Amino acid sequence: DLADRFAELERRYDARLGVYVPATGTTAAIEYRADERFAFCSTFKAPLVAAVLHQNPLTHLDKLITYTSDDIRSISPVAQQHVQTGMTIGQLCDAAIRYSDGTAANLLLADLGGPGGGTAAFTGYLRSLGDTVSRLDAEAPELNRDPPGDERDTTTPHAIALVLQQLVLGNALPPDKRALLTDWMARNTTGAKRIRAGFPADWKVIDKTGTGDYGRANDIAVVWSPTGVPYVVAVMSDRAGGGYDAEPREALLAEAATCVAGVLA
Ligand SMILES: *C(=O)[C@@H](N)[C@@H]1N[C@@H](C(=O)O)C(C)(C)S1
């Protein structure tokens, strides 16, 4: 039984685990704590890039964005290396997804614009996709630090899975913008020990991870069977019991994904 397996993993990792896989042709939705709130962490960058793409002509990707020393306030493996030169919107989208670059995402929020440095427009974008649950209230680094239980900067496995489904498999974006988002997630560098670790090599996996305080570790993916049948997989976790400095545990997400893959095979 899946729910028993997910509950075992919670005990093993002293964690709270949430899982959602939306229903398909012949598979029932998989759900475990799927309607409980968990912090977005960096997972918001997938819908953020979709918002920026949707909002502008495709050649907005070529616009140069400049920023300064004081814009670097979070883990930013790419943007730290380009303060002098600036970075194009395309480069920022690439870094935000593939390296989970925090400065890149902050700049993309500012590009999207409006109150809260773009957090309100980001949240409005989710509303336009029928997501009445998720909310973004702060940018990096603040968005990863909300106390366990606090609703700021949260989504649910259920809400984010339905959003990702529309973005990658549905018609939220035109085909050209959709392919840009899909390709970036396909080329993600941060995801190898999460959902990817739970599916066999002949399944395609694209994803966006998030990590935060209180042992937060998330991964949202779209996967395709060896015959091209797609499934959306959202896994979210925290370890409130270890306090603010609780270590995130990727292995928990790998094991949860392995369990899901077992059902979907
Ligand atoms: C977003 O959660 C932010 N903490 C960046 N994302 C994490 C992840 O993607 O797993 C990093 C790469 C640990 S930093």
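Note on numbering: residues are counted from 1 along each chain in the order of its written sequence, which can differ from the entry, and residues with no coordinates are hidden. Where side-chain values are given, they derive from all heavy atoms of the structure, hydrogens and water being excluded.

Deposited coordinates in this entry are attributed by the record to X-ray crystallography, at a stated resolution of 2.000 Å.

(A) Representation of the nonpolar core within the structure. Grouped together as the largest cluster of nonpolar side chains are 55 residues, with contacts concentrated most on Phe44, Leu48, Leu108, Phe122 and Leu181. Runs of H or I in DSSP of at least four residues are treated as helices and runs of E of at least two as strands, each being numbered from the N terminus. Of all the secondary-structure elements, those providing two or more residues to this core are α2 (45–55), α3 (89–98), α4 (102–112), α5 (119–128), α6 (157–168), α7 (175–186), β8 (217–224) and β9 (230–238). For this core, the element with the highest residue contribution is α2, accounting for seven residues. Excluding anything up to four places from it in sequence, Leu48 contacts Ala105, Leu108, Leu109, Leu112 and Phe122. We call a set of buried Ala, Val, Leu, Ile, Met, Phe, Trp, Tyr and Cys residues a nonpolar core when their side-chain atoms join them within 4.5 Å. A 1.4 Å probe rolled over the protein chains alone gives each residue an accessible area, and that area as a share of the maximum for its type sets the label: buried under 20%, exposed over 50%, partly exposed in between. By size, the runner-up hydrophobic cluster in this structure holds 28 residues, among which are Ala7, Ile30, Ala221 and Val233. In what follows, a contact means two residues having at least one pair of non-hydrogen atoms within 4.5 Å.

(B) Local environment of the site of the ligand. In the region of the ligand, the neighbouring residues are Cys41, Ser42, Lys45, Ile75, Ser100, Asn144, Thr190, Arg194, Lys208, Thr209, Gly210 and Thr211. The definition of a polar contact used here is a pair of N or O atoms within 3.5 Å, where within protein one atom must be able to donate a hydrogen and the other to accept one, and adjacent residues in sequence count solely through side-chain atom pairs. A distance of 2.6 Å separates an oxygen atom of the ligand from a polar side-chain atom of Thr209. With respect to the ligand, the side chain of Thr211 contributes an N or O atom lying 2.7 Å from an oxygen atom. Protein coverage of the free-state accessible area of the ligand, which is 350 Å², stands at 80%. Broken down by element, the residue count for the shell around the ligand peaks at four residues, all from strand β7 (residues 204–211). Note on residue categories: nonpolar means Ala, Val, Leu, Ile, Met, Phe, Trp, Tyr, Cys or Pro, charged means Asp, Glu, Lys or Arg, and polar means any other residue, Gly included. Its residues assigned to classes, the shell around the ligand comprises two nonpolar, seven polar and three charged. Distances are taken per atom, and a residue is near a molecule or strand as soon as one of its heavy atoms is within 4 Å of it. Surface accessibility in these figures is a Shrake-Rupley result with a 1.4 Å probe; residues are shielded only by whichever protein chains are displayed.

(C) Expanded view of the environment of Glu139. Within the secondary structure, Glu139 sits in the loop between α5 and β6 (154–155). Owing to a relative accessible area of 24%, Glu139 belongs among the partly exposed residues under this scheme. In contact with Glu139, not counting residues within four places along its chain, are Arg73, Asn106, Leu109 and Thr119. A distance of 3.2 Å separates polar atoms of two side chains, one belonging to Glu139 and the other to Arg73.

(D) Structural context of unusual backbone geometry. Residues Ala140 and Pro141 are joined by a peptide bond in cis, for which omega reads 5 degrees. With respect to the helices and strands, the residue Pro141 is situated in the loop between α5 and β6. Here the phi dihedral of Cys41 falls at roughly 45 degrees; this positive angle occurs in a residue that is not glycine. With respect to the secondary-structure elements, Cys41 resides in the loop between β3 (38–39) and α2. For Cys41, a relative accessible area of 0% gives the class buried. Phi is positive for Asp153, which is not a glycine, with a value near 60 degrees. With respect to the element layout, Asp153 can be found in the loop between α5 and β6.

(E) Region of interest: α6. In this scheme, a helix's expected span is set at 1.5 Å multiplied by one less than its residue total. The terminal C-alpha atoms of α6, which comprises twelve residues, lie 16 Å apart, in line with the 16 Å expected from a rise of 1.5 Å per residue. For α6, the full list of buried residues reads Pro157, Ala159, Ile160, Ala161, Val163, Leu164, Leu167 and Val168.

(F) Here's a closer look at the side chain of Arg216. Following the sequence through the fold, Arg216 ends up in the loop between β7 and β8. For this count, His and the chain ends are skipped, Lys and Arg are scored as positive, and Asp and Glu as negative. Here, a salt bridge means any side-chain nitrogen of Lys or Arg that lies within 4 Å of a carboxyl oxygen of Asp or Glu. No salt bridge is formed by the buried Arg216, whose closest oppositely charged neighbour, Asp238, lies at an N-O distance of 4.5 Å. Only 3.1 Å separates the side chain of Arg216 from the backbone oxygen of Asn144, close enough to count as a polar contact. Within the structure, the side chain of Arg216 is placed 2.8 Å from the backbone oxygen of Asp146, a separation counted as a polar contact. Every residue in contact with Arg216, bar those within four places of it in the chain, is listed here: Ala39, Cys41, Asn144, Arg145, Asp146, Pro147, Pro148, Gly210, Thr211, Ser237, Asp238 and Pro248.

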